[PDB]
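Given next are the chains, with one letter for each unit.
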Amino acid sequence: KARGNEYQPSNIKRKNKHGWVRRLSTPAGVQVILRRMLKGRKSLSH
Amino acid sequence: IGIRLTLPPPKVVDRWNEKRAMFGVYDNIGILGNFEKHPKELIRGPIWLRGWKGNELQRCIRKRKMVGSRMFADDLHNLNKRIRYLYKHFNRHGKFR
Amino acid sequence: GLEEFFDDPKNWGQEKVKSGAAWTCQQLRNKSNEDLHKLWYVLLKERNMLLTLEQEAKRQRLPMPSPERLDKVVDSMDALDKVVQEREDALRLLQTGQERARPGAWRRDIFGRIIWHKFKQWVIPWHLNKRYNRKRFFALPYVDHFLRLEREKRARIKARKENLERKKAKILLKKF
Amino acid sequence: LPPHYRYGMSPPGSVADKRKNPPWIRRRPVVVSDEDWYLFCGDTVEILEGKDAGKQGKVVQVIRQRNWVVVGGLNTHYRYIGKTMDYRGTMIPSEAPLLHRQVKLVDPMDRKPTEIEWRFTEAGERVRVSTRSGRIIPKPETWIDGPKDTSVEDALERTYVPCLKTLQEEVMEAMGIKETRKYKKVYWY
Amino acid sequence: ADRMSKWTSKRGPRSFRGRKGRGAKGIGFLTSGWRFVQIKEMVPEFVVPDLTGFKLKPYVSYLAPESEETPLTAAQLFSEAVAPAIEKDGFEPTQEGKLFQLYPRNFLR
Amino acid sequence: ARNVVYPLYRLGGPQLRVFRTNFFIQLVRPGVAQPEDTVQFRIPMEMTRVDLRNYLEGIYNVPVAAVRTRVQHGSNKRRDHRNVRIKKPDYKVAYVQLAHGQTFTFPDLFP
Amino acid sequence: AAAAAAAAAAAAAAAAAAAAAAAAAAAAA
Amino acid sequence: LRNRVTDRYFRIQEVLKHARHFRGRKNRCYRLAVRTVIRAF
Amino acid sequence: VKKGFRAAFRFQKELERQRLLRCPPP
RNA sequence: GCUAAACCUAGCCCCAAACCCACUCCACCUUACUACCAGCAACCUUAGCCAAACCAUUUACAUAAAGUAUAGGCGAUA
RNA sequence: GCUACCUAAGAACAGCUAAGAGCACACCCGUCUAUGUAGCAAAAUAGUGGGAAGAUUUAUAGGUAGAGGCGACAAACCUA
RNA sequence: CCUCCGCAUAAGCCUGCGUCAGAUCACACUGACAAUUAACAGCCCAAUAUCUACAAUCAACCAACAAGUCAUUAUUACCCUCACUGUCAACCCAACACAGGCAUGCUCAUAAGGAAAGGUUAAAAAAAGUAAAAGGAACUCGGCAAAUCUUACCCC
Ligand SMILES: [Mg+2]
Ligand SMILES: [Mg+2]
Ligand SMILES: [Mg+2]
Ligand SMILES: [Mg+2]
Ligand SMILES: [Mg+2]
Ligand SMILES: [Mg+2]
Ligand SMILES: [Mg+2]
Ligand SMILES: [Mg+2]
Ligand SMILES: [Mg+2]
Ligand SMILES: [Mg+2]
Ligand SMILES: [Mg+2]
Ligand SMILES: [Mg+2]
Ligand SMILES: [Mg+2]
Ligand SMILES: [Mg+2]
């Protein structure tokens with residue numbers, strides 16, 4: 001069918017999947033933020 | 001059309017600098033300084049190739065066992081990747097084998 | 001009275017206001033703790049009177065009558081705030097010896113670089129706080145590869161900065 | 001003010017300064033130092049080179065950044081100002097800034113340009129003295145207050161009694177506000 | 001799907017639009033009926049004097065003299081509380097027995 | 001007073017008092033035909049509704065009766081020469097209603 | 001106090017993409 | 001770049017001065033000129 | 001910019017020889 | 001003659017030496033950037049592409065001795 | 001965050017004839033035809049349809065992951 | 001003359017057709033200024049105890065099977081009082097000022113909301129319709145379409 005609506009936004013579902021808390025609750029997701037503080041992004045997580 | 005219109009500034013190079021007038025002095029210091037030093041000692045540059053010619057690969061290997069201990073992180077990883085590539089080239093690739 | 005937000009009606013739109021010489025911090029030390037507590041509330045009414053002018057000035061698009069007095073009111077204010085906090089620190093080191101009135105400590109986060117973790121003033125001790133107990137203040141040594149890569153990224157810039165100021169010095173002497 | 005900013009003749013925060021230095025311009029920087037700087041504001045200087053050389057002038061503006069003095073009413077080039085429409089307006093003389101070492105302070109008693117040093121005189125201490133002769137050179141150069149200025153007398157009344165009584169407690173003893181409770185122990189960690 | 005915009009109180013859904021707010025230093029507490037209670041003793045009350053008869057003005061004149069600076073260090077404060085120490089030839093040991101605690105700081109501004 | 005730690009109240013602590021309060025205020029000309037007795041301010045974001053009643057009764061001594069606030073969001077859609085969004089900041093707006101019908105109009109400076 | 005006027009901020013914009021593969025079709029045996 | 005070749009203009013005009021009188025595009029562009037000036041000689 | 005001088009100088013000794021065909025000497 | 005063209009200087013690379021740097025105020029593990037309440041916990045050989053013309057054991061991560069002794073589908077090579 | 005399937009706690013189903021009933025809206029699906037093929041659309045519009053009190057349709061949040069998931073098996077579906 | 005829309009709400013986006021001034025299919029872009037005011041809605045609970053078989057459906061008759069959405073008490077502890085935050089628009093996900101996608105409560109033709117034609121000429125071809133003598137599937141792979149409505153049997 002129509003194949004563009006792939007991102008139906010939901011601000012709870014945003015922050016509960018790519019938020020700051022979820023990244024820190026597991027040892028792998030810390031290295032995600034360390035890979036972005038190293039790259040020096042202006043936003044680390046959502 | 002990358003040619004340029006107004007001619008560039010003239011480069012007044014002073015041939016009687018303190019460095020060109022003293023270019024090559026204290027070479028030949030072994031023969032007529034009764035062999036205390038070598039002329040290979042007086043050069044100032046890197047620590048690994050301080051008097052050593054090498055090749056493109058051999059300068060990359062000698063940098064790794066001499067200085068490669070105290071090398072920066074990504075500047076080590078992009079130095080191992082070259083020997084992993086130059087061994088795959090100088091020993092596997094080319095003509096004349 | 002709301003007529004303290006505005007000055008008296010004999011300078012309303014004179015395009016120029018004669019008010020100079022703010023309170024310098026050296027002069028306030030001669031004043032005591034008594035009148036300085038008054039002076040703030042004098043200086044408060046004077047700062048509020050001036051912001052009422054400028055957000056009416058931009059509101060009708062005409063420029064400010066004299067913003068040259070506006071920086072005087074904060075310079076008299078920020079000096080006074082320095083005096084009272086010079087005065088309180090001068091007795092806090094006498095009474096306890098404690099710099100950093102707000103208590104804290106040095107601690108290492110999960111991100112490796114240590115932080116002056118300021119303290120958060122709870123009512124239950126820290127073994128009972130359920131929110132505080134998930135805050136993890138330690139190393140967990142899988143991050144130590146990323147620790148070197150910021151000590152390196154710092155230092156390569158410092159070599160890159162120290163390289164610029166030698167090369168900028170060379171064309172100075174070769175021009176003069 | 002951005003890095004590699006060029007400090008023009010115009011003052012650096014002007015409406016006309018954003019005309020010539022907008023926040024996107026990136027012109028190549030200019031070569032300039034050494035804080036002993038014998039030029040003050042208002043010095044009777046004489047001109048070393050350029051046009052209108054040899055005439056003596058009093059400077060009216062010094063720019064420390066690009067090492068500039070503005071010789072007052074001298075070394076001019078003529079521009080139009082205002083003129084608002086299809087007519088001439090007024091042609092005014094505008095002066096161009098003269099660089100350091102294009103400029104020499106004159107002898108105040110003799111009227112000759114002289115190289116000037118800083119010597120430490122025992123009178124106190126470090127003033128501009130000519131190198132050719134002695135005879136030190138100084139530095140060149142009714143309010144009645146309003147309703148929100150205090151006085152000359154009220155500024156230094158010396159009201160401070162230095163007690164160890166913690167200002168936020170010092171207000172309540174004079175206000176006479178009583179507090180009867182005590183502060184119970186919080187867990188600061 | 002913005003990332004660089006600042007996370008404020010206006011942005012989430014109806015549950016997230018109530019909880020965050022701005023840091024307005026909330027006063028009382030909430031209980032059992034969504035009925036808020038304003039504790040009057042937590043409310044910051046302003047200790048303001050009477051400015052009537054006060055000689056100081058929010059500026060001075062330019063005709064006042066210039067002097068040099070003198071920061072008040074702890075040593076310059078002790079040289080004028082030593083006037084009762086020369087008679088012996090005032091101090092608080094603890095910070096518990098005071099309404100205005102100095103180290104684990106207790107007052108405001 | 002903003003940007004300082006508020007001391008904590010358990011049950012029997014003293015009245016939390018403020019000496020030499022931090023923030024400052026500004027009155028405005030209302031553009032949308034406010035009724036009489038309603039004057040309007042620009043409150044700094046960390047200042048509460050009842051604190052404004054205490055501010056005006058203590059410092060300005062004016063008989064406030066009803067306060068009403070709102071958080072006026074500021075313009076974010078303004079861009080620099082690097083296409084980066086430059087925010088004009090958001091502020092609070094308080095509607096102080098006086099008591100006893102004091103009927104204060106906003107005056108006209110710059111005649 | 002010489003006459004002048006204000007200025008306008010004026011730039012352009014550029015972007016790029018790449019959709020998909022293509023356009024199915026047919027052949028023989 | 002060390003040694004990026006400057007004098008391309010005097011290398012183009014070694015052919016185009018025998019190509020100032022051609023028809024069409026070949027009297028202007030160098031890629032279409034040397035496909036004729038080689039055949040013209 | 002390039003590091004050459006001998007090419008722009010041949011250009012500078014060519015651009016007079018376009019001047020003396022466009023705007024001639026008397 | 002329109003589009004255009006031409007510019008040096010920002011800066012940077014590679015070294016040498018030298019071991020680098022964290023609290024203005026407040027906010028930041030909850031939905032990070034939120035003043036204020038009764039629970040958990042870290043340590044696990046890298047593997048393969050590749051080379052052996054496929055591939056299955058195997059295939060590298062100061063100088064001089066020396067590419068020597070050895071290992072090796074004794075072969076590639078180490 | 002689409003989709004496969006699940007879990008929590010919710011929702012919709014007009015009217016007409018008399019139950020995984022029938023006619024038929026809303027709604028979901030997409031049989032056949034024409035238009036569109038760099039299109040309005042990286043799968044659509046228009047009719048014409050098939051289901052529409054249920055093995056239904058769908059909003060919200062949570063779960064399952066690539067040596068795998070899930071599957072009323074099309075080797076489908078897991079961000080074109 | 002349309003109305004296959006609508007006005008709210010939820011979800012989202014976050015100032016995006018308010019005012020003034022501007023530069024510059026035709027005059028939602030830019031500069032400055034203003035705005036959305038809680039009462040609706042979020043933001044809740046002092047403990048250990050200990051309770052709570054009888055659906056829903058107009059809940060009564062009747063009939064259910066797939067067997068169900070809503071309940072306290074006993075003691076202890078309880079006297080401060082109305083803060084915080086959402087409130088805008090022509091909006092959203094589909095790169096677009098995109099015939100698409102988009103949950104709920106109302107209105108079921110509107111008391112809302114809108115405009116298919118830039119101006120002509122009326123060639124082919126193409127698309128969308130409407131009509132058509134006589135015959136009525138002789139068309140075609142096939143009654144596909146279109147018009148009309150219906151007969152009978154196979155395979156699976
Ligand atoms: Mg192989
Ligand atoms: Mg091969
Ligand atoms: Mg049915
Ligand atoms: Mg049916
Ligand atoms: Mg299925
Ligand atoms: Mg099959
Ligand atoms: Mg609304
Ligand atoms: Mg698309
Ligand atoms: Mg209408
Ligand atoms: Mg139209
Ligand atoms: Mg037309
Ligand atoms: Mg017929
Ligand atoms: Mg037939
Ligand atoms: Mg049919």
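A brief look at the structure comes next. (Residues numbered from 1 in each chain as written, not as in the entry; some residues may be left out. Chains lettered and ligands numbered in written order. Part of a larger assembly, values for the part shown. Heavy atoms only, no water.)

With that settled, the discussion passes to the protein's contact with RNA strand J. Surrounding RNA strand J, one finds 66 residues, the nearest of these being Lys15 of chain A, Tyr87 of chain B, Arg102 and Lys118 of chain C together with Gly26 of chain E. Protein-adjacent atoms of RNA strand J, using a 4 Å cutoff, are sugar or phosphate at a proportion of 62%. Separating a phosphate oxygen of RNA strand J from a side-chain N or O atom of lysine 168 of chain C is a distance of 2.7 Å. Between RNA strand J and the protein, one listed contact pairs a sugar or linking oxygen with a backbone N or O atom of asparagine 3 of chain F at 2.8 Å. Elements with a contribution of two residues or more to the surface near RNA strand J: α2 (20-24) of chain A, α1 (58-66) and α2 (73-90) of chain B, β2 (114-118) and α4 (144-173) of chain C together with α1 (16-19) of chain E. Of the residues that constitute the surface near RNA strand J, the class distribution is 29 nonpolar, twelve polar and 25 charged. (Near = heavy atom within 4 Å. Polar contact = N/O pair within 3.5 Å; in protein donor to acceptor, adjacent residues only side chain to side chain. Helix = DSSP H or I, 4+ residues; strand = E, 2+ residues; numbered from the N terminus. Nonpolar A, V, L, I, M, F, W, Y, C, P; charged D, E, K, R; others polar.)

The next point concerns a nonpolar patch on the surface. Residues and elements named next belong to chain B. The grouping of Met22, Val25, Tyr26, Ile29, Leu42 and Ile43 at the surface amounts to a nonpolar patch, some 550 Å² of accessible area in total. Mapped onto the elements, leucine 42 comes out in the segment before α1. Among the residues examined, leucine 42 registers a relative accessible area of 39% and is labelled partly exposed. (Patch = residues over 30% accessible without salt bridge, like charges linked within 9 Å, V, L, I, M, F, W, Y side chains within 5 Å. Areas by Shrake-Rupley, 256 points an atom, 1.4 Å probe, with all protein chains shown as cover. Salt bridge = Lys/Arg side-chain N within 4 Å of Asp/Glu carboxyl O. Buried < 20%, exposed > 50% of the residue type's maximum accessible area, 1.4 Å probe, protein only.)

For the rest of this paragraph, the subject is the protein's contact with RNA strand K. In the vicinity of RNA strand K there are 15 residues, among which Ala2, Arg3, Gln8 and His18 of chain A together with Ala19 of chain G approach most closely. Among the atoms of RNA strand K close to the protein, meaning within 4 Å, 49% are from sugar or phosphate groups. Residue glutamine 8 of chain A places a main-chain N or O atom 3.4 Å away from a sugar or linking oxygen belonging to RNA strand K. Here a phosphate oxygen of RNA strand K and a side-chain polar atom of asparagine 16 of chain A are 3.4 Å apart.

The bulk of non-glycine residues show a negative phi, and the bulk of peptide bonds are trans. Residues and elements named next belong to chain D. Unusually for a residue other than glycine, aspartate 52 sits at a positive phi of about 55 degrees. Within the element layout of this structure, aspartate 52 appears in the loop between β1 (44-47) and β2 (56-63). What makes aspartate 52 partly exposed here is its relative accessible area of 32%. Phi angles above zero are rare outside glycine, and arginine 158 is one such case at about 55 degrees. On the secondary structure map, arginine 158 appears in the loop between β9 (126-130) and α2 (167-175). Here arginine 158 falls in the partly exposed class, since its relative accessible area comes to 46%.

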